[PDB]
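Participant: Below you'll find the structure I mean.
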Amino acid sequence: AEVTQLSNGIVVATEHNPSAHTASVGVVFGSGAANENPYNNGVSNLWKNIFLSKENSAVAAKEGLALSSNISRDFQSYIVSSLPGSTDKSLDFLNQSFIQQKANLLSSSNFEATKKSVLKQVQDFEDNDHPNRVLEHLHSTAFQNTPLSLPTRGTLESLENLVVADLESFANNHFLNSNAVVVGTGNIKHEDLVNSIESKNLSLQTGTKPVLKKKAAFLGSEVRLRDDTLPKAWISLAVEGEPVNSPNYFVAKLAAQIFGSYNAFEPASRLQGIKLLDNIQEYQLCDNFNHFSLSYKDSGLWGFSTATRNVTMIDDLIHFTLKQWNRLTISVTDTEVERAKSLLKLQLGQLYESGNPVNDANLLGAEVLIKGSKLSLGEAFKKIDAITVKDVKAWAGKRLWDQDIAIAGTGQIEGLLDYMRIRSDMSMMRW
Amino acid sequence: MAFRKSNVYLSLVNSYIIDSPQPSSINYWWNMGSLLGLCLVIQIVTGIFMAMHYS
Amino acid sequence: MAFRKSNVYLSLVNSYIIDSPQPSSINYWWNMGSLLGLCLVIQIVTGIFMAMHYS
Amino acid sequence: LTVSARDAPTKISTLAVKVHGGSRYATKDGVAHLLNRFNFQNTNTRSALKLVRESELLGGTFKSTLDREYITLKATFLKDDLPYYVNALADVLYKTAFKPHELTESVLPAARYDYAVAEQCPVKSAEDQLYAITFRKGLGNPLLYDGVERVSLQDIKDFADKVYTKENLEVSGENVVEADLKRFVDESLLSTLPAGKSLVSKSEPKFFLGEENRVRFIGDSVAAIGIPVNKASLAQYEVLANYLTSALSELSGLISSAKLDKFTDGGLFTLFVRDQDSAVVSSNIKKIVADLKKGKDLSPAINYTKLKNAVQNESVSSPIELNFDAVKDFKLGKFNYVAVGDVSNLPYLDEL
Amino acid sequence: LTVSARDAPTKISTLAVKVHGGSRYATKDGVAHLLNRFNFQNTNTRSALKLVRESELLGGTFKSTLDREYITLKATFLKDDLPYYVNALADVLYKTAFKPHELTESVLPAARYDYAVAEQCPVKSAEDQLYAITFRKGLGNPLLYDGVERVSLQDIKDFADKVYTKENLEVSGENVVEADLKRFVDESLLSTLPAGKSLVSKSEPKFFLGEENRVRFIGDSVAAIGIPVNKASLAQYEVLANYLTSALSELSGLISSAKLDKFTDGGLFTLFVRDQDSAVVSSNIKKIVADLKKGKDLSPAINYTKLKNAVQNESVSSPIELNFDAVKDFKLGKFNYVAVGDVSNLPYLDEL
Amino acid sequence: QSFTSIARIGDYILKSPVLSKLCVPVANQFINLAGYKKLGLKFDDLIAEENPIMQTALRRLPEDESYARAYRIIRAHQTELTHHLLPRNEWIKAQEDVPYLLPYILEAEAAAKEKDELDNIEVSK
Amino acid sequence: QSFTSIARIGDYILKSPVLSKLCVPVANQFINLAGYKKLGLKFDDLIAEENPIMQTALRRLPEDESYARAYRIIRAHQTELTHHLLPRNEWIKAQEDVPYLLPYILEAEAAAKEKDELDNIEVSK
Ligand SMILES: CCCCCCCCCCC(=O)OC[C@H](COP(=O)(O)OC[C@H](O)COP(=O)(O)OC[C@@H](COC(=O)CC)OC(=O)CCC)OC(=O)CCC
Ligand SMILES: CCCCCCCCCCC(=O)OC[C@H](COP(=O)(O)OC[C@H](O)COP(=O)(O)OC[C@@H](COC(=O)CC)OC(=O)CCC)OC(=O)CCC
Ligand code: HEM
Ligand code: HEM
Ligand code: HEM
Ligand SMILES: CCCCCCCCCCCCCCC(=O)O[C@H](COC(=O)CCCCCCCCCCCC)COP(=O)(O)O
Ligand SMILES: CCCCCCCCCCCCCCCCCC(=O)O[C@H](COC(=O)CCCCCC)COP(=O)(O)OCCN
Ligand SMILES: CCCCCCCCCCCCCCCCCC(=O)O[C@H](COC(=O)CCCCCC)COP(=O)(O)OCCN
Ligand SMILES: CCCCCCCCCCCO[C@@H]1O[C@H](CO)[C@@H](O[C@H]2O[C@H](CO)[C@@H](O)[C@H](O)[C@H]2O)[C@H](O)[C@H]1O
């Protein structure tokens, strides 16, 4: 992970990789679902889909280019992939699609079909993707009536009320130069991509700043979507976590790594050095779980998600997990922190250094849009190696011990007890 | 499982006084039973202590 | 299901005194327990009746 | 004992020990599956538990994957700990314990799960069928263990003996210093392994055409076609799969999936049509076969297939490249077909 | 509205109502099974419970068998109570309640059971497979309901209207006086039934040859072959079946079962080889085919098959009788084949 | 008391113009005073269910109405625990206070009655 | 006391010609006086099984030996309740009194101790 960034109005950032074999060029905006309203919610997912439209994709396919678009909470990306030399043609397609096709892609035939696609797409997700649907409701109840609560794909209600005018108004306010970063990852060199950008000119949609509003706030609450027809109980629970640029960003991630992820069906997963495993395998409290330390611009979420068929012992699953979390404040051991350090590094490694250029493009853009430059692993590893048991305890003492929680769940959740019973387990009795 | 559920004695306490599923809407009239339990205990305790000085 | 197993009260009698699975080889030394139960009842009953004439 | 690697200045490395022991080499249905599920269990000197606990402290994980061709023992870790992971993978191939209780407590349950997940997806059933009718005992072997043919612990140990040999494997390092990797491999038990005989056949396998098999299934119905491809004729089938899947073909929105499985002695082009209702699967595959009979391509999908095929960064043993710079047309001769699901209302080969 | 009867001075009689609505006529997979399973449930004026308790006090029982051709409502009872049973069966055809709860509480579970029993017998999976491959939707329909194609309560009622018509059924009596039978039948709700058509086809069904299907299965392996037969050619196949299932053939001990399913528009000859291990199955099926391809008969089993065909005195309208005195030689031409079980180790039609 | 019995007496009154003009008004008054509609419940939701006839009926009730019943019950316990009533626009209206379960109950009752009679039939030789 | 500990002590004695000849004769007499063989039991049948180790060991025991262990136990309980011993020819013989379960118990224990050591590994920086 090595960065290089320059500017001339349009901020350009790249990251060379001599052993790439391909290259990805694109634009990333510092506005995602958290920059939408409860009524135009889904407008970004809508943009993503028209950019990947059938027509637009053919025009790129003939050019030997592959398209990619990712909608998140804080950022939004549109990336083009090609061979290392065809990079000059990728920028032409980008310039063509976002500085000329302001009405090409927004035709009544293309739009109504795309709208129809994302509509069925989202209907399916809400209908069958239980673990992600639950996790989305977790964000929805935790940050309710606040920016961070809106689902990245949007709601079926506001999705079907959208018109080309909604797409345009969003573009006019967010697809601006001051809210973007041109990204180039793969094998291409920095002092070469900027030239092709300087080769052209104009300034259509510039000078203007994006809009502002209220900041994300965590609220202790819950949303229960009971469905007895499903074969499992899917739940997600979390406390208010850390925002990107928080002093405890790495400490929180190390804490999540301590409890990690688990798949009851994979032999090696059952053997991990996570004390919680000794409590949940006796009666097989779940099929799987995974801890997380989600971080965004305004706030974060630290917690876990689980899936279980043991619908009569959900109280034990929750009880044991939260009881292990208490340990982070009062008894986490040195070895537990050292095992977490090793594995956090490993995960940060697989994330920041995959052989995939589109992954690096999204990470580069989204990061420079906040801190001004992507963080190197070498520095990340140094901060991770410096984390002490005390750091973890001090952190747990403020974000975990006797703190409000956000819960969401669907399926056979009758066995999931009331809020207070769950909230109580966030601390222990003592003299 | 939790010790309160696995222990032979605690599981009884757990089923009757802790995890016992109550209708969400029972009003104060349903508090009379616990009150009768208190009465019995009050009556027995005071009676025994008086019994020590009675003929 | 037999009434002795279905009824709330008799099911306790049945699991402890009727259908309780006992090891086939326990010898007479395992008869002391029941004998201790008999002893307690003998003490309580004879005691209550004497208590009626005691000062 | 081929040992390749490609260095870089990163924090993470990847170690892979490719073994030509995929389902294609399975002596009994599912033994290759069981052997794959047996990797990383107890070794005569280090237990599965110790391996996981120690590797976690170091900063790495292990995994064993099953292909129709290989059994890959991969390991991801922190660059400077290479020897440990080279020795770890070595011990697996050399001294795996194969305890009877591991087969019943871990291996079989894991294989049951693999089969359970796979059985719910009809395209995977369709794919097993395609292979089984086009080829009939090598490449046509079932990919997973299903118990129709009982496999003993002994059979697993025998397949281990037949498959884990110096001549039948490649040690691929990614983001690793090749000089050191070659040194550690020789120093490890990898080189102490009995030199065997590479099971890889140079000659093209026998194949069949115009074959059909129907499988009744509750759920989504699927109509699929499979076509055996020559070693030299595979470059065109590769761009065909990318064409049929890209925005360059009007019938791409009519097909769920289409790919070309590439082996050193040939390949199999697979095209699947999956949908909730049979009426739709019928009209689609019907329109697909009809339109393919009209030999067309022109090759506007040549620079696209080049880009798509270039996304093989992790693969350190990819087939022939230069072939793409040619062939512009595709016809459609004889092929193999399978119907999964609402069979009673799916097309037969006769009417396609 | 056919009505026949053969009397005798017995104590017991047996009424039968042959309806041409077996699996061959099923508009949806298993719909014939479900209707057959719905018979004897509540009628609009008499409950299943009332029927059973009442008939028990009289001394009679009911039953509804499903065939590949028929759905037969049959009654066995004390002779003198004839009108009661004539009406009971009449009421079933004319006014079965078809309550939604009966479908979920009694019918679906019973069909689930029927399927469960048959699912464990591989020769039945083969018999279904045979019919399917030689008559692609005619008599080739699945015999039982398996849920691959959903059948609603309405689909069952629709099928009841399509099949329960006067011109589509044959009332039959045994140990019954034909005079009273016809009288009671005309006097019953049978005559009030709408007289629809009669899907009983005269023209020979479209058949297929050289077809094969393979199904993986846990348990015994079974290799079977099917042969479509003419409305005239079915005489030699009747003796063929008996010849192969008698001491006259030096290969009767090599085959599990062999028979000729007869219909008015033709028939299907089926031969099955079933055994625990695939190797035994393979040897037999090969030896059977080779010896039949090198055809031989000469009718030393004409008198035998004449006896066996006669020990079937229940069909008051069975096929051609005296057709035995004709043809005597036989040679195995083209046929259809299915492999059930350890498929990866069973013969392909290719090597037969 | 069985619903068959209730229905028999009720139908008789409902068919009689004289009784019907006299009773029904009093009954309408009774139901409004009862107040269950203010809690969002339909009368059939009030029937004690801990007996075989009701379990049979509730089993046979179509999926969609069953989910609807569950909601009205849950919503009612919640409203009752807060000591409030639902806003008027959520009260069950007379048009909505339909005997949806009744037919299933009468059907179950008739079947049990027949089964009881058949279990105790006498025979006359 | 663990079997690992028992085996360590017994092996030391067994490997020492001095203790071996002084201790073994005592142990042979102890076992014969114990009388479990007169009831048809092998010593390994006597091991109290209500603990984790024994359960994993008993689960891992091959079917054939498990059916035989089952029989020896049932046979023993029956003989014991009749207050008799088995006929002479049915007594377990010294050569039949083999430690069939020991290897399984030792395997389970070694695995359990390792897990205990790994659950508490300390890390030296
Ligand atoms: C001589 C020997 C006497 C010994 C007996 C002593 C114990 C008496 C028990 C009283 C009882 O059972 O009455 C129950 C009724 C039913 O009531 P409900 O429908 O369930 O309540 C709704 C609450 O306001 C919810 O409200 P809440 O939020 O729970 O607080 C309720 C209230 C409870 O007060 C009590 O102590 C209950 C009697 O607290 C207050 O606001 C009072 C502040 C001064 O409560 C009443 O209506 C009381 C009148 C009879
Ligand atoms: C002391 C003051 C207060 C206590 C008063 C109550 C005394 C009861 C306590 C005694 C006790 O528990 O003794 C147990 C022993 C163990 O015995 P075992 O190995 O299980 O028996 C095999 C049976 O003969 C089987 O034979 P059986 O068919 O059951 O008949 C047994 C015997 C039982 O006699 C008794 O009353 C039981 C003690 O009946 C007879 O034939 C003899 C009648 C005198 O019984 C003995 O024989 C004692 C041996 C030292
Ligand atoms: C359900 C429990 C009990 C009830 C309802 C009960 C009721 C009574 C009543 C009504 C009296 C007379 C009160 C008076 O006017 O002075 C009384 C007296 C007495 N009770 Fe109880 N009693 C109970 C339990 C006990 C117990 C367990 C004991 C014995 C250990 C006991 C010992 C006495 C004594 C010593 C008196 C005489 C002193 C006195 O007058 O209070 N009582 N009891
Ligand atoms: C009033 C006092 C007691 C009563 C009524 C009682 C009753 C019983 C009963 C009914 C049994 C089962 C049958 C039997 O084994 O005899 C039993 C078992 C047992 N009791 Fe007690 N007991 C009493 C006191 C004690 C004492 C003082 C001890 C020990 C300090 C004790 C230890 C045991 C044990 C360990 C068992 C299980 C024996 C076995 O199954 O091997 N009991 N008792
Ligand atoms: C269940 C265990 C009991 C035991 C072990 C027990 C034991 C004793 C003993 C050792 C004595 C002295 C006997 C003597 O030498 O005279 C005694 C006396 C007495 N006990 Fe108990 N007792 C028991 C229960 C009861 C109960 C429930 C009562 C009820 C009030 C009671 C009432 C008496 C009375 C009134 C006396 C004095 C008269 C006498 O000497 O027997 N006992 N008890
Ligand atoms: C026979 C029946 C007689 C009495 C029936 C009445 C039932 C109520 C018993 C009260 C026990 C309360 C324990 C709460 C607990 O353990 O939660 C503990 C918290 O306990 C507390 O905060 C202590 C508050 C003071 C309790 C008041 C004592 C009551 C006075 C006794 C009078 C009764 C005769 C769990 O707390 P946490 O969930 O927030 O982590
Ligand atoms: C009128 C009485 C009606 C009878 C109902 C009885 C209900 C009892 C209600 C009160 C429960 C409070 C005491 C329970 C103690 C819980 C701790 C426990 O059981 O630890 C026990 C050990 O306890 C002892 O040694 C002494 C118990 C003495 C109890 C004195 C009252 C641990 O037992 P454990 O469940 O862990 O066993 C595991 C399997 N080897
Ligand atoms: C310190 C106490 C320790 C634990 C106490 C429990 C020990 C139980 C010992 C008692 C044995 C006597 C049981 C007789 C009751 C059996 C009949 C029965 O329960 O019929 C009951 C009705 O009982 C009554 O009305 C009176 C209760 C009797 C009170 C006795 C003092 C019928 O109840 P049923 O089980 O049939 O419910 C299903 C039918 N719809
Ligand atoms: C039978 C009659 C006898 C009555 C005796 C009265 C008993 C009083 C017990 C009082 C306090 O007991 C005390 O309760 C508080 C919760 O309220 C516990 O607090 C615990 O939960 C609270 C949250 O609610 C956390 O903030 C706290 O960090 C945690 O320790 C505390 O650790 C315990 O020590």
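Chain labels run A, B, ... following the order of the structure tokens; each chain numbers its residues from 1, and ligands are numbered from 1 in the order shown.
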Counting only C-alpha atoms, which residues from chain B have an atom at most 12 Å from any atom of chain C, and could you show them as an mmCIF file with N, CA, C and O atoms, in the first residue's frame?
Facilitator:
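Printed below is out.cif as written:
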data_model
loop_
_atom_site.group_PDB
_atom_site.id
_atom_site.type_symbol
_atom_site.label_atom_id
_atom_site.label_comp_id
_atom_site.auth_asym_id
_atom_site.auth_seq_id
_atom_site.Cartn_x
_atom_site.Cartn_y
_atom_site.Cartn_z
ATOM 1 N N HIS B 53 -41.871 -17.696 73.853
ATOM 2 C CA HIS B 53 -42.243 -17.095 75.138
ATOM 3 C C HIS B 53 -43.688 -17.382 75.519
ATOM 4 O O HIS B 53 -44.203 -16.784 76.459
ATOM 5 N N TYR B 54 -44.337 -18.296 74.799
ATOM 6 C CA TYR B 54 -45.740 -18.641 75.041
ATOM 7 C C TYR B 54 -45.925 -19.949 75.819
ATOM 8 O O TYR B 54 -45.100 -20.847 75.708
ATOM 9 N N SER B 55 -47.004 -20.032 76.604
ATOM 10 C CA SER B 55 -47.363 -21.232 77.381
ATOM 11 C C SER B 55 -48.816 -21.614 77.058
ATOM 12 O O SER B 55 -49.728 -20.818 77.292
#
Participant: Could you give me, as a list in words, every polymer residue with an atom at most 9 Å away from an atom of ligand 6, counting only C-alpha atoms and all ligand atoms?
Facilitator: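 The distance check yields residues 402, 420, 421, 423, 424, 425, 426, 427, 428 and 429 of chain A; 17, 33, 34, 35, 36, 37, 38, 39, 40 and 41 of chain B.
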Participant: Go ahead and write the selection's residues with N, CA and C atoms as a CSV table (one decimal), in the first residue's frame.
Facilitator:
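Result saved to out.csv:
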chain,number,residue,atom,x,y,z
A,402,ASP,N,-21.9,-1.3,30.5
A,402,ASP,CA,-23.2,-0.6,30.9
A,402,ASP,C,-23.5,0.5,29.9
A,420,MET,N,-34.4,-4.8,28.1
A,420,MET,CA,-33.8,-4.6,29.4
A,420,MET,C,-33.0,-5.8,29.8
A,421,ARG,N,-33.5,-7.0,29.6
A,421,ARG,CA,-32.8,-8.3,29.9
A,421,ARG,C,-31.4,-8.4,29.2
A,423,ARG,N,-29.9,-5.6,27.8
A,423,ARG,CA,-29.2,-4.4,28.3
A,423,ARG,C,-28.5,-4.6,29.6
A,424,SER,N,-29.2,-5.4,30.5
A,424,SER,CA,-28.6,-5.7,31.8
A,424,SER,C,-27.2,-6.4,31.7
A,425,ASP,N,-27.2,-7.4,30.8
A,425,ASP,CA,-25.9,-8.1,30.6
A,425,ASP,C,-24.7,-7.3,30.1
A,426,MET,N,-24.9,-6.0,30.0
A,426,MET,CA,-23.7,-5.2,29.5
A,426,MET,C,-22.8,-4.9,30.6
A,427,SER,N,-23.1,-5.3,31.8
A,427,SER,CA,-22.2,-5.2,33.0
A,427,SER,C,-22.4,-6.3,34.0
A,428,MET,N,-21.6,-6.4,35.0
A,428,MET,CA,-21.7,-7.4,36.0
A,428,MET,C,-21.9,-6.8,37.4
A,429,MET,N,-22.3,-7.7,38.3
A,429,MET,CA,-22.5,-7.2,39.7
A,429,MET,C,-21.1,-7.3,40.4
B,17,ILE,N,-39.6,-17.8,39.2
B,17,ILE,CA,-39.3,-16.4,39.5
B,17,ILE,C,-38.4,-15.6,38.5
B,33,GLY,N,-51.1,-12.5,44.8
B,33,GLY,CA,-50.4,-13.8,45.1
B,33,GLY,C,-49.1,-13.7,45.8
B,34,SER,N,-48.2,-12.8,45.3
B,34,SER,CA,-46.9,-12.6,45.9
B,34,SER,C,-47.2,-12.0,47.3
B,35,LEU,N,-48.2,-11.2,47.5
B,35,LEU,CA,-48.6,-10.6,48.8
B,35,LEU,C,-49.0,-11.7,49.8
B,36,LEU,N,-49.7,-12.7,49.3
B,36,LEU,CA,-50.1,-13.8,50.2
B,36,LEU,C,-48.9,-14.6,50.7
B,37,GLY,N,-47.9,-14.7,49.8
B,37,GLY,CA,-46.7,-15.4,50.1
B,37,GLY,C,-46.0,-14.7,51.3
B,38,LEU,N,-46.0,-13.4,51.2
B,38,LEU,CA,-45.4,-12.5,52.2
B,38,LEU,C,-46.1,-12.7,53.5
B,39,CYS,N,-47.4,-12.7,53.4
B,39,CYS,CA,-48.2,-12.9,54.6
B,39,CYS,C,-47.9,-14.2,55.4
B,40,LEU,N,-47.9,-15.2,54.6
B,40,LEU,CA,-47.6,-16.5,55.2
B,40,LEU,C,-46.2,-16.5,55.9
B,41,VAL,N,-45.2,-15.9,55.3
B,41,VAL,CA,-43.9,-15.8,55.8
B,41,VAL,C,-43.9,-15.0,57.1
Participant: Can you tell me which residues come within 6 Å of ligand 8 when counting only C-alpha atoms and all ligand atoms, ideally as a ChimeraX atom specification?
Facilitator: /C:7-10
Participant: For the residues in the current selection, export C-alpha atoms as a PDB file, in the first residue's frame.
Facilitator:
ATOM      1  CA  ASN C   7     -51.463 -35.394  36.045  1.00  0.00           C
ATOM      2  CA  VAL C   8     -49.351 -32.572  37.562  1.00  0.00           C
ATOM      3  CA  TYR C   9     -49.219 -34.156  41.042  1.00  0.00           C
ATOM      4  CA  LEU C  10     -49.222 -37.908  40.330  1.00  0.00           C
TER       5      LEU C  10
END
Participant: For stretch 105-110 of chain D, work out the shell of residues within 6 Å, counting only C-alpha atoms and skipping chain neighbours fewer than 4 positions away, then give it as a ChimeraX atom specification.
Facilitator: /D:37-38,101
Participant: For ligand 1, collect every residue having any atom at a distance of at most 12 Å from a ligand atom (counting only C-alpha atoms and all ligand atoms); output as a PyMOL selection string.
Facilitator: (chain B and resi 24-36+38-39) or (chain F and resi 80-84)
